[PDB]
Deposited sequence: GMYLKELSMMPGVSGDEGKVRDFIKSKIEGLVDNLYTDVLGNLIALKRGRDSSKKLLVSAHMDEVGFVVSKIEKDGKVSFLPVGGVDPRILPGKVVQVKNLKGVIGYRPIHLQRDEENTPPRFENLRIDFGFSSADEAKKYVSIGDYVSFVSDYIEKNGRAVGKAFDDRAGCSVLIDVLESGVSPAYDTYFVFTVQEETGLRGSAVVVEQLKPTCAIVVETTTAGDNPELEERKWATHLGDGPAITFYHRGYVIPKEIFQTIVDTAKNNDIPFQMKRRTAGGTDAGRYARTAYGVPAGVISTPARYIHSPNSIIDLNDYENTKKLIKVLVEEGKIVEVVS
């Protein structure tokens, strides 16, 4: 079926994506022709196509924002440093976890040095039996799904990963050798140099409502309006040919889509599932949008027009 619930809830902070990688592997092993972990930790799955003369690369990121244990205090509390972009102002009272041990961020009895995680210890010695400097701390969150909307954490980009797994579970017959890549944060010139793709499709999640006080509820990427097709990304060379192929594929397959509105070295396209923040770490996705994203990726893969337009 779908594993968004497990993907979302599972811990996999940048630099510590092992459990997420192991999970994805267990779900796609018998669905792909080849599957391996490259030297940086990226999971590379191959689905050979009718034509092996060209390669399509489709990718999603496994990592999420989090923290790292920087110090264990003599009273059992732990200090931490951010891993990714985190506003310390909203952290007090947040539940987090370190190696399956739940804790809560609070002030020490707008900085990280002023925050402490309380797991319930009284001494540094007690804390050490469960915790250590360098361990990864992730947010704790539930995943609830009702009336077509789902709420949980790390939808950016665990929804993208889930989309790829679902395309594979649905049984896909690619036009060209297609690599499904699940990436990690490294310490991409590598993945492209090793696979030499003709072109790439990056599957992301784009989240609106970042700033509640100055949020844009009308001129933004919206829940329910379909996957967003990026026109300009600055990080990826998105030629007109690719942009238009994606749009035409959508229109000819009756797949709703919207333009991307935000407040590798090879030709690429970017497709995003819309998300909206509710109470960070959590955000919301619309399941119809998710399904349309999956539909669009599957058609792009089976037709191969996206590969043919740049070669």
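* **Stretches with no C-alpha position, numbering per deposited sequence from 1** => Unobserved in coordinates, per deposited numbering: 110-120, 199-203, 280-292.
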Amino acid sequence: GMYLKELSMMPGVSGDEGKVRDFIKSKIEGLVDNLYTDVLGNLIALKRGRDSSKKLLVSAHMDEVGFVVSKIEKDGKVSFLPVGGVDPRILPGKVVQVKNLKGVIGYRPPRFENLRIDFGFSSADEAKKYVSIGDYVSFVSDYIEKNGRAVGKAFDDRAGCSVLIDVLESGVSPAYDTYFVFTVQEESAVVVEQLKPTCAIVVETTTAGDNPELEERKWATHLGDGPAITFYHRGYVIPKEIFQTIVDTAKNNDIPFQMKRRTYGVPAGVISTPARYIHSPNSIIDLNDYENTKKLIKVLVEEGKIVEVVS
From here on, numbers count along this sequence of modelled residues.
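282-290 set against 251-259, stretch whose average Cα temperature factor tops the other in the entry: Higher mean C-alpha B-factor: 251-259.
- Task: Determine, for stretches 175-183 and 189-197, which one has the higher mean CA B-factor as deposited.
- Result: The stretch with the larger mean CA B-factor is 189-197.
| message | In terms of recorded Cα temperature factor, pick the maximum from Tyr130, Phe119, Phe155, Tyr236. | response | The record points to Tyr236.
Name the residue from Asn211, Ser162, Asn147, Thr230 with the greatest C-alpha temperature factor listed in the entry.
Out of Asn211, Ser162, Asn147, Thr230, the record gives the largest C-alpha B-factor to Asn211.
Practice item. Sort the modelled residues of this chain by their C-alpha B factor and say whether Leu7 lands in the lowest, middle or highest third. Key: As the PDB entry reports it, the C-alpha B-factor of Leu7 lands in the middle third of its chain.
Going by the entry, which third of its chain does the Cα temperature factor of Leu81 land in? Tercile = middle for this residue's CA B-factor.
ask   = What third of its chain's C-alpha B-factors does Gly134 belong to: lowest, middle or highest?
value = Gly134: CA B-factor falls in the middle third of its chain.
Checklist entry - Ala268: which third of its chain by C-alpha temperature factor? => result Within its chain, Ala268 is a lowest-third residue by C-alpha B-factor, going by the deposited values.
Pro110 - which third its CA temperature factor falls in, relative to the rest of the chain:
Within its chain, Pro110 is a highest-third residue by C-alpha B-factor, going by the deposited values.
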